[PDB]
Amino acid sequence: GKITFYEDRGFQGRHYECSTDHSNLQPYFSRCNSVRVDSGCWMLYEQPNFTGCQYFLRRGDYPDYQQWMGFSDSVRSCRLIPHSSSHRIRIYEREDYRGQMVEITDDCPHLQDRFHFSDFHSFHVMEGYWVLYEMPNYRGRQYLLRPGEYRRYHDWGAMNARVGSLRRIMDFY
């Protein structure tokens, strides 16, 4: 993976070339107003130690933070998402894997209109890496879901339970 951060929009000003996870990007730049993703899928985080708002980026040019649905120009830590050869998640109606459940291996641009239930409060990621989104069609607040268990929204770093869509992370081309 290779990603480059730029302090000013349109790929200007101080920049930093990165090919690894970083828990603290503050030594290399103080703001991030544009990004070039040479390769790989990335989760960027507004605050150090993979905290605060999260944003999914993949190969391509992002001349403004709005292009990664940024809340601001803050980017202070990052993860390079490893490859997933398959994706499998269980979606549950209530917290702690209770209520109705559905298991999917594809993307879901609208949770509400698609299943036999209309409420979504816990997830079990069996395979692969996903991005959970606040709103349908992959908009709003973004949350990385890694292989593992998410009993309630606190587990995926949300301030509340609002969810709308689910996308597998895979490299473009």
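When you see a residue number, it is the position in the sequence shown, counting from 1.
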Stretch with the greater mean C-alpha B-factor as recorded in the entry, comparing 149-157 against 21-29: 149-157
Residue stretch of maximal mean CA temperature factor, 34-42 vs 132-140: 132-140
Among modelled residues of the same chain, the CA temperature factor third for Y65: middle
CA B-factor placement of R76, once the chain's modelled residues are sorted into thirds: lowest
CA B-factor placement of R88, once the chain's modelled residues are sorted into thirds: middle
Lowest, middle or highest third - CA B-factor, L111: highest
Among modelled residues of the same chain, the CA temperature factor third for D171: highest
